[PDB]
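First the structure, in the form of structure tokens, and then the observations on it.
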Amino acid sequence: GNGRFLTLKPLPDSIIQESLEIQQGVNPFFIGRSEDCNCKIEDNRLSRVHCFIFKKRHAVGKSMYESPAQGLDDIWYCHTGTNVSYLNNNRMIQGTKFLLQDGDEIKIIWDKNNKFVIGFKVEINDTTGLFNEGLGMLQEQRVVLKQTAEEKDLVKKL
Amino acid sequence: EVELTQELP
Numbered sequence: 573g574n575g576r577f578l579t580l581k582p583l584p585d586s587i588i589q590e591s592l593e594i595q596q597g598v599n600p601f602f603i604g605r606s607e608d609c610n611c612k613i614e615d616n617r618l619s620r621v622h623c624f625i626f627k628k629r630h631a632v633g634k635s636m637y638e639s640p641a642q643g644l645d646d647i648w649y650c651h652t653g654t655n656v657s658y659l660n661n662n663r664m665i666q667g668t669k670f671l672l673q674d675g676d677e678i679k680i681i682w683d684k685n686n687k688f689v690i691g692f693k694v695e696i697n698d699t700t701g702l703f704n705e706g707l708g709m710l711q712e713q714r715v716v717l718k719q720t721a722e723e724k725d726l727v728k729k730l
Numbered sequence: 599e600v601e602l603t604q605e606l607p
């Protein structure tokens with residue numbers, strides 16, 4: 573790749589028919605209305621920085637007998653929007669993180685009454701030493717985590 | 599001229 577690792581493509585199912593590509597070189601990748609975000613998505617419903625994706629070095633506790641990935645990288649999806657995003661089947665509350673498995677469909681905004689439906693398809697084109705690329709790290713099948721100063725710090729300098 | 603987030607219920 574020339575600098576692209578993950579591809580988030582606002583599919584036709586969403587009001588947006590565009591394709592976004594997270595330049596592996598940029599970490600973390602910010603998405604939202606304001607062009608300031610590495611990704612450009614303007615939806616009056618979401619905030620200037622509705623959400624951002626961050627890549628981190630994947631590492632387990634121990635390797636007794638079995639030898640896991642040892643120490644590779646995994647892409648994380650962070651959400652900071654008020655409308656809360658939805659990843660596949662997990663809820664994303666303002667200040668949450670989620671693993672992005674190859675072919676991860678993330679819902680940025682969904683309105684039942686407003687019929688406002690959004691969603692991006694994550695397609696890993698390049699694997700920057702990815703432990704795998706994003707299969708769900710076994711056992712833990714798609715679980716939502718909380719964000720900390722580390723994540724908030726990245727957006728703070730947005 | 600807009601600059602607010604339409605937070606849904």
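Quick mapping for you: the protein sequence lines, in order, are chains A and P. Here the deposited numbering is used: the first residue of the first sequence is 573, the next is one more, and so on. Here the deposited numbering is used: the first residue of the second sequence is 599, the next is one more, and so on. The beta carbon of each residue, even a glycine, is placed where N, CA and C say it ideally should be.
Select from the options the residue whose C-alpha is nearest the C-alpha of residue i.
i, options, result
"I613(A)", "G675(A), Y649(A), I680(A) and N660(A)", "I680(A)"
"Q673(A)", "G597(A), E590(A), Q666(A) and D645(A)", "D645(A)"
"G708(A)", "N599(A), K627(A) and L671(A)", "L671(A)"
"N599(A)", "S635(A), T700(A), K634(A) and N704(A)", "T700(A)"
"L602(P)", "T579(A), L580(A) and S606(A)", "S606(A)"
"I603(A)", "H630(A), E722(A), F692(A) and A641(A)", "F692(A)"
"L606(P)", "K684(A), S591(A), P640(A) and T579(A)", "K684(A)"
"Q596(A)", "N610(A), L583(A) and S619(A)", "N610(A)"
"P584(A)", "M636(A), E722(A), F688(A) and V621(A)", "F688(A)"
"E705(A)", "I588(A), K628(A) and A721(A)", "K628(A)"
"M664(A)", "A721(A), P582(A) and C623(A)", "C623(A)"
"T654(A)", "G573(A), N574(A) and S619(A)", "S619(A)"
Could you pull the start and end residues of the alpha helix (DSSP H) that residue i belongs to?
i, result
"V727(A)", "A721 to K728"
Locate the beta strand (DSSP E) running through residue i, then write down its first and last residues.
i, result
"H630(A)", "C623 to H630"
"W648(A)", "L644 to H651"
"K669(A)", "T668 to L671"
"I603(A)", "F601 to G604"
With the cut-off set at 8 Å, would you say residue i and residue j are in Cβ contact?
i, j, result
"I690(A)", "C650(A)", "no"
"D676(A)", "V694(A)", "yes"
"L659(A)", "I647(A)", "no"
"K718(A)", "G667(A)", "yes"
"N662(A)", "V715(A)", "yes"
"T579(A)", "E590(A)", "no"
"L730(A)", "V632(A)", "no"
"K669(A)", "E723(A)", "yes"
What does DSSP give as the partner residue(s) for residue i in the beta ladder?
i, result
"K693(A)", "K581(A) and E677(A)"
"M664(A)", "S657(A)"
"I594(A)", "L578(A)"
"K612(A)", "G604(A)"
"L702(A)", "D645(A)"
When the Cα atoms are used, what is the spatial distance from residue i to residue j?
i, j, result
"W682(A)", "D725(A)", "27 Å"
"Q604(P)", "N616(A)", "6 Å"
"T652(A)", "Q711(A)", "27 Å"
"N697(A)", "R576(A)", "7 Å"
"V600(P)", "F703(A)", "43 Å"
"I587(A)", "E638(A)", "45 Å"
"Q713(A)", "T720(A)", "22 Å"
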